[PDB]
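Colleague:
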Amino acid sequence: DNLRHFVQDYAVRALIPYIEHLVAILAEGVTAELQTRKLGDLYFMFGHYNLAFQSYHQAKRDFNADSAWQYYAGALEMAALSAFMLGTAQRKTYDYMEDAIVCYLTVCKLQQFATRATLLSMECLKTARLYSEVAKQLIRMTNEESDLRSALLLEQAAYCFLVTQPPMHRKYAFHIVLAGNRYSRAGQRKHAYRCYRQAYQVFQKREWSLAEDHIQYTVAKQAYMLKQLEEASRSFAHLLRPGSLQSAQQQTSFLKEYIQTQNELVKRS
Numbered sequence: 542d543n544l545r546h547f548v549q550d551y552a553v554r555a556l557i558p559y560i561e562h563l564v565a566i567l568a569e570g571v572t573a574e575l576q577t578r579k580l581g582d583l584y585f586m587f588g589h590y591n592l593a594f595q596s597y598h599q600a601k602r603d604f605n606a607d608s609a610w611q612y613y614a615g616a617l618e619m620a621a622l623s624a625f626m627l628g629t630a631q632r633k634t635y636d637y638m639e640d641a642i643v644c645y646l647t648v649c650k651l652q653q654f655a656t657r658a659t660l661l662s663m664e665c666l667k668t669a670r671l672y673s674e675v676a677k678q679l680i681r682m683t684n685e686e687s688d689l690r691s692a693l694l695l696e697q698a699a700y701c702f703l704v705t706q707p708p709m710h711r712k713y714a715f716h717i718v719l720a721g722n723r724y725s726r727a728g729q730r731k732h733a734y735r736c737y738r739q740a741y742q743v744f745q746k747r748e749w750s751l752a753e754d755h756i757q758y759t760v761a762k763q764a765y766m767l768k769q770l771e772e773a774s775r776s777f778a779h780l781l782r783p784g785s786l787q788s789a790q791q792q793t794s795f796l797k798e799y800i801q802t803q804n805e806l807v808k809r810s
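Take the sequence shown: its letters are residues 542 to 810, numbered as in the working numbering.
(1) For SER608, count the other beta carbons within 10 Å of its own beta carbon; 16 or more makes it buried, fewer makes it exposed. Which is it?
(2) Buried or exposed: where does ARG578 fall if 16 or more other Cβ atoms within 10 Å of its Cβ makes it buried?
(3) What distance in whole Å lies between the Cβ atoms of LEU617 and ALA641, which are believed to be in contact at a cut-off of 8 Å?
(4) Pull up the CB-CB distance for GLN678 and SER662, whole angstroms please, since I reckon it's below 8 Å.
(5) Answer with buried or exposed for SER785, where buried requires no fewer than 16 other C-beta atoms within 10 angstroms of its C-beta.
(6) State yes or no: is the C-beta of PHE702 within less than 7 Å of the C-beta of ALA720?
(7) Tell me the rounded alpha-carbon separation between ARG657 and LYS762.
(8) Should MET638 be labelled buried (16 or more other beta-carbon atoms within 10 Å of its own) or exposed?
(9) Taking its Cβ as the centre, do 16 or more other Cβ atoms sit within 10 Å of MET626, making it buried, or is it exposed?
(10) Do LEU567 and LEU580 have their C-beta atoms within less than 7 Å of each other?
(11) Can you say whether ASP688 is buried or exposed, counting buried as having 16 or more other CB atoms within 10 angstroms of its CB?
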C-alpha cells in the first residue's frame, strides 16, 4: 500500500547521497582499463551526460590495444546512450554505432553483443525515422546466428524494414514464411502463430497467389489436421490448374484439396 511508496521516496532520496558516494568513488578511481569501464557503466546506471563522452574517448583510445574489444564495443554503445541524452547525437555517431556491429561481430562470436547492439541501433534510428539503415543491417544479421534466432530476428528485421514504408512487403513475406517453418520448429506457439497470420495477411494485401498457393498448401497441412479447410480450398480454387501451369505434384495436391473440400461439403451436407 502506501508504505511501499513511502520507503521508495525515502530510499531514492537517500540513494542520491549513495550516488554521491559512488561519484566520490569514481573520482577516486580516475586516480585499470576494467576499472575505467566499471566507472563508466556504474555512473551510467544514472547516466552521466558528458562523462559519457570522456569514457567513450578513453575507452576507444586504450582499447585500440587490449584486443578483447567488448570493452570498446560496450563503450561505443554507451556513447549511443549518451546520444540519447544528446540532442545533436552527433548523428554520425550512429554511423559509429553501425560500425560497432560489423567489426565487433567479427571480433567475438558471442552473438548476444551483436543482437543488442543492433537493437540499440534499431531504437536509436527509430529516434531518427530513417529506419532504412537498421532495416538493412538487421536483415543482414538475421540470415545467421541460428535457424531459430534467425527466424524471430527475420520477422523483427522484417516488420522493421516495413516500418519505414508500408509497401515492398515482398522479401518480408518470403523470409517470414521461410522462417515460419523454423517457427513451427522451435518457437513458442503464440509468436510463431502471429508469424503465420501476419505473413498470410501481408500476402492477401497484395495477393500474388503463385507462391501463396504452396504456402497455402502448408496452410492446408495445418488445416488438414488443425486449421479450417475452406481457406485452402478457395486458395487452390483461385489457382485453377488449367491456365495456371500446375505440375504433376500440384494436380495430385489439388486432388487432396478436393478431398479436404469433400470433408467440408460432407460436414455441411
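Every residue gets a Cβ at the ideal spot worked out from N, C-alpha and C, and that includes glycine.
Modeller: On the basis of the supplied data:
(1) Locating residue 608 in the sequence shown gives position 67, where the first residue counts as 1. Answer is exposed; the Cβ neighbour count stays below 16.
(2) The residue labelled residue 578 in the question sits at position 37 within the sequence shown. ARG578 is buried by the Cβ-count criterion.
(3) In the sequence shown, residue 641 corresponds to position 100, counting from 1. In the sequence shown, residue 617 corresponds to position 76, counting from 1. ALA641 to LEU617, Cβ: 5 Å. Contact.
(4) By one-based count along the sequence shown, residue 678 stands at place 137. By one-based count along the sequence shown, residue 662 stands at place 121. Yes, they are in contact, since the Cβ atoms of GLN678 and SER662 sit about 7 Å apart, within 8 Å.
(5) Counting from one through the sequence shown, the residue named residue 785 turns up at place 244. Looking at its Cβ environment, which holds fewer than 16 other Cβ atoms inside 10 Å, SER785 is exposed.
(6) By one-based count along the sequence shown, residue 702 stands at place 161. By one-based count along the sequence shown, residue 720 stands at place 179. No, the pair does not count as a contact, with Cβ atoms beyond the cut-off.
(7) In the sequence shown, the residue the question calls residue 657 occupies position 116. In the sequence shown, the residue the question calls residue 762 occupies position 221. Looking at the two C-alpha atoms, the distance is approximately 36 Å.
(8) Taking the sequence shown and counting its residues from 1, one reaches residue 638 at position 97. So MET638 ends up on the buried side.
(9) Taking the first residue of the sequence shown as 1, we reach residue 626 at position 85. Exposed, since its Cβ has fewer than 16 Cβ neighbours within 10 Å.
(10) One-based indexing of the sequence shown puts residue 567 at position 26. One-based indexing of the sequence shown puts residue 580 at position 39. Yes, the pair counts as a contact, with Cβ atoms nearer than the cut-off.
(11) Counting from one through the sequence shown, the residue named residue 688 turns up at place 147. Classification of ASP688: exposed, given that the 10 Å Cβ count is below 16.
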